[PDB]
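First up is the structure itself, then whatever we jot down about it.
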Amino acid sequence: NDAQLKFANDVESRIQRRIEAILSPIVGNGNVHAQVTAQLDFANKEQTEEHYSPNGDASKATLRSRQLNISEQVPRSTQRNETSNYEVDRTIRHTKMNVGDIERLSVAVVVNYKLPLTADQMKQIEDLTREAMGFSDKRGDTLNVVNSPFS
Amino acid sequence: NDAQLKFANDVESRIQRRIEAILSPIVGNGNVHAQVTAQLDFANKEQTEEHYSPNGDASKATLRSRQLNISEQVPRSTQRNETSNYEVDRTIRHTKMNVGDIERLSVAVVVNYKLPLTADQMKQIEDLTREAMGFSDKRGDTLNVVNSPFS
Amino acid sequence: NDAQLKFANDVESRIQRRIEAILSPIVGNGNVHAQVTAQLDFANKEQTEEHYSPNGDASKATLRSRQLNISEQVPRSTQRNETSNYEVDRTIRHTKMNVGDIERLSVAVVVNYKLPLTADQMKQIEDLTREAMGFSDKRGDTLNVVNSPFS
Amino acid sequence: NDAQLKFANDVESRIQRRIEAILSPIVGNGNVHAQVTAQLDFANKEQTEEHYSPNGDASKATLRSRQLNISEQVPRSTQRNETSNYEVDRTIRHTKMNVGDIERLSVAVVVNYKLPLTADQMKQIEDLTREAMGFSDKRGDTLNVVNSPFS
Amino acid sequence: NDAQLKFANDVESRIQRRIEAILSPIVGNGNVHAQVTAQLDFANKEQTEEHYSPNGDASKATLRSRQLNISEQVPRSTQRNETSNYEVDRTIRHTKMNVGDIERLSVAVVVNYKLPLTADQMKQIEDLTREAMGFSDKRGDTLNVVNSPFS
């Protein structure tokens, strides 16, 4: 039950090593630190969709029987019985979702001075980090990069 | 049953080490302390949703039979029997939620003086810490950072 | 059956060590004492919700059959039988709540003099302690901090 | 359960080696770095489509029986019973999807200076990298190439 | 489960060796590099079509019985019962698709200078590579050839 903590530390070490080894070429070998807080999903979570295609349209129905009596007298006392049996296009996914996905990432990046870095270089550094995390606004990952003199 | 206390201490040690090793570059090697109080959920908690898609709309129903008699005399003594059988798109999630999530985080950060730190630096330090915890206003995590001379 | 007393003493020792090691940087190494009285819930307490989604709205019902006869003569002696069978979205949580939660916390904090401490420093010390306990007005935790010369 | 992390590191090492060994001819042996963040799908995920071809059109139906009584008196009290049985063209795919696909790729490319590289060379380098990843806007792969002097 | 990565590397090595050993005669023994990113389909995927030929046309039906009563009185109170039984031409394919097809190819080709190569030679080199991959716009294979001085 501490294996989960070891595992999340492994994931954060991977992404942290990645950001450091991708941004070390630009800023310097030791002028950058990153600590990534990965919240991981450890819920066992199956799922079983079962979709059917709507066969409401008679031009894409698929009958198997059709017993269609049409009486008609003429006091136009008509009639129209109409049985049917259809066949249905049925998809059945049976997912057994993963134990250990990343629900969300949080990355904090500090980059040393040189003199404050230029704004364009800051934008492109943010973009590199955004690609190195695997940033996904779907998961709501949040990245914060700052430049401030070290000590 | 003390394994839970050891486990929560492990989680708080991880997040505390994280905040210290992310903010140590800026403020100094020992000019920051953080103690994180993690309340963890240890309830066994399964769950079994079972959703069905509304097949009220005849254009997305999926019949399997339809026995549709329509008598009509003319004293317009009509009639319209209409049996049906449908087929339904049925999802079945079976979650077995995790034992040891973080229900909420509480972080207290103290940062040493230098002379009181500037307000902009304080904002950016708060943001770094907010990313290092994995701050989520969903869980109602609460962070409090203060700057005050040590002893 | 004394394991419960050992356990509650463990929890109070953790939170007390936490408050002491978070406020020791500010006030001094030995100018603060805290004794935390944790009332813990040791009741075995399961739970089994079982929610259903209201399928009163015909636009989100999910039929499985519908046998809908509509006779009508004209003395407008009408009729409308209307059977139905529905399918229902059914969630089933099966919680087995924890044995050893904290029902409530009570923290008493004494901080030594220096000359009485300033009021702003007192507010921020109260806030640090409030975060270090894991204060939750939901549990009705109560914190009382006082400054008064030691002996 | 760490085999997944080893596996994803393997995939990223393959694609990173590929980009480096395809762009090393142009920019130089060590004037390029690439770190590829591959998010992999590890869900067990079966699937069973079952399509039927619409036999609504009588010119492409395939009867097996047809009991077609047509009474007619002349007060033109006609009648037309018409049973049927059809046969249906039924496809049955049974996929057992892969464990370890790439849901998405993220590539960050840094290329050293020479003097900033020309824009046309930058476009063609981006295109080479786009082919070396196996870029697919279907998966939403994201590539970011930048040129900036190393250190 | 790493056998898939070894296998895809094998396929890419085959196609890369092929492009190199087909274009080496023209451009030179070492004036060309190619790295081919093959995305392979590893899904188990069966399939079972079952087609029937439409026997709607009476001139290509194939009866097995036909019980065809035709009463007729003359008040022309006619009648025409007409049973039938047909026989149907039924094809049954049972595919068990391959594990390891190439869903898509991506080829990046770099060719050294000599002075930039002529445009006609570039077109014919692109065509040779297009044949050496086994280019198929059905799979959406993508090829990108560029000429740029090496280093």
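All Cβ positions, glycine included, derive from the backbone under ideal geometry; neighbour counts span all protein chains shown. Each value in this text was obtained by applying a stated rule to the coordinates, not by laboratory testing.
Here is a check on your reading of the model: is D:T78 more than 22 Å from the chain's Cα centre (by Cα) and within 30 Å of E:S77 (Cα to Cα)?
Here the answer is yes, as D:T78 does meet what is asked.
The rows are residues; the columns are (1) of a type in the set (G, A, S); (2) more than 26 Å from D:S148 (Cα to Cα).
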| position | (1), (2) |
| --- | --- |
| D:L5 | no, yes |
| D:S13 | yes, no |
| D:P25 | no, no |
| D:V32 | no, no |
| D:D41 | no, yes |
| D:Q47 | no, yes |
| D:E50 | no, yes |
| D:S53 | yes, yes |
| D:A58 | yes, yes |
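Being small (G, A, S) and closer than 18 Å to A:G30 by Cα is the filter here, so list the residues in segment A:96-122 that pass it.
If the condition is that a residue be small (G, A, S) and closer than 18 Å to A:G30 by Cα, then A:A108 is the only one that fits.
Find all pairs meeting these conditions: Cβ atoms under 6 angstrom apart; at least six residues apart or on different chains; first residue within segment C:74-102 and facing another protein chain (nearest Cβ under 7 Å); second residue of a type in the set (K, R) and part of a strand (DSSP E or B).
C:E87/C:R64; C:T95/B:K45
Suppose we filter A:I22, A:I102 for residues that are among the aliphatic types (A, V, I, L, M) and within 30 Å of B:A8 (Cα to Cα); which single one remains?
A:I102
Yes or no: segment B:31-41 includes at least one residue that is within 30 Å of B:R93 (Cα to Cα) and touching a helix residue (DSSP H, G or I) at 6+ places or on another chain (Cβ under 7 Å).
Yes: segment B:31-41 contains one or more residues that are within 30 Å of B:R93 (Cα to Cα) and touching a helix residue (DSSP H, G or I) at 6+ places or on another chain (Cβ under 7 Å).
Determine, yes or no, whether E:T91 is among the β-branched types (V, I, T) and surrounded by 11 or more Cβ atoms within 10 Å (Cβ to Cβ).
No; evaluated as a whole, the condition is false for this residue.
Taking the residues in segment C:13-51 that are more than 18 Å from B:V107 (Cα to Cα) and assigned to a helix (DSSP H, G or I) as candidates, determine which candidate is nearest to the other protein chains (Cβ to nearest Cβ).
Within segment C:13-51, the match that is nearest to the other protein chains (Cβ to nearest Cβ) is C:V27.
Within segment A:71-83, can one find any residue that is in a loop (DSSP other than H, G, I, E, B) and in contact with a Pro (Cβ under 8 Å, 6 or more places away or on another chain)?
yes
Matching residues to (1) over 20 Å from C:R18 (Cα atoms); (2) assigned to a strand (DSSP E or B); (3) among the hydrophobic types (A, V, I, L, M, F, W, C):
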residue	(1), (2), (3)
B:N98	yes, no, no
B:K114	yes, no, no
B:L117	yes, no, yes
B:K123	yes, no, no
B:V145	no, yes, yes
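When segment D:15-30 is examined, which residues are found to be surrounded by 17 or more Cβ atoms within 10 Å (Cβ to Cβ) and within 18 Å of A:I19 (Cα to Cα)?
D:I15, D:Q16, D:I19, D:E20
Go through segment A:120-151 and report how many residues are closer than 16 Å to B:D120 by Cβ and either within 11 Å of chain D (Cβ to nearest Cβ) or among the aliphatic types (A, V, I, L, M) (or both).
Total meeting the criteria: 3.
When only residues in segment B:106-142 that are among the hydrophobic types (A, V, I, L, M, F, W, C) and within 16 Å of the chain's Cα centre (by Cα) count, which is surrounded by the most Cβ atoms within 10 Å (Cβ to Cβ)?
B:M133
Restricting the search to segment B:52-64, which residues are within 7 Å of another protein chain (Cβ to nearest Cβ) and surrounded by fewer than 17 Cβ atoms within 10 Å (Cβ to Cβ)?
B:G56, B:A58, B:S59, B:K60
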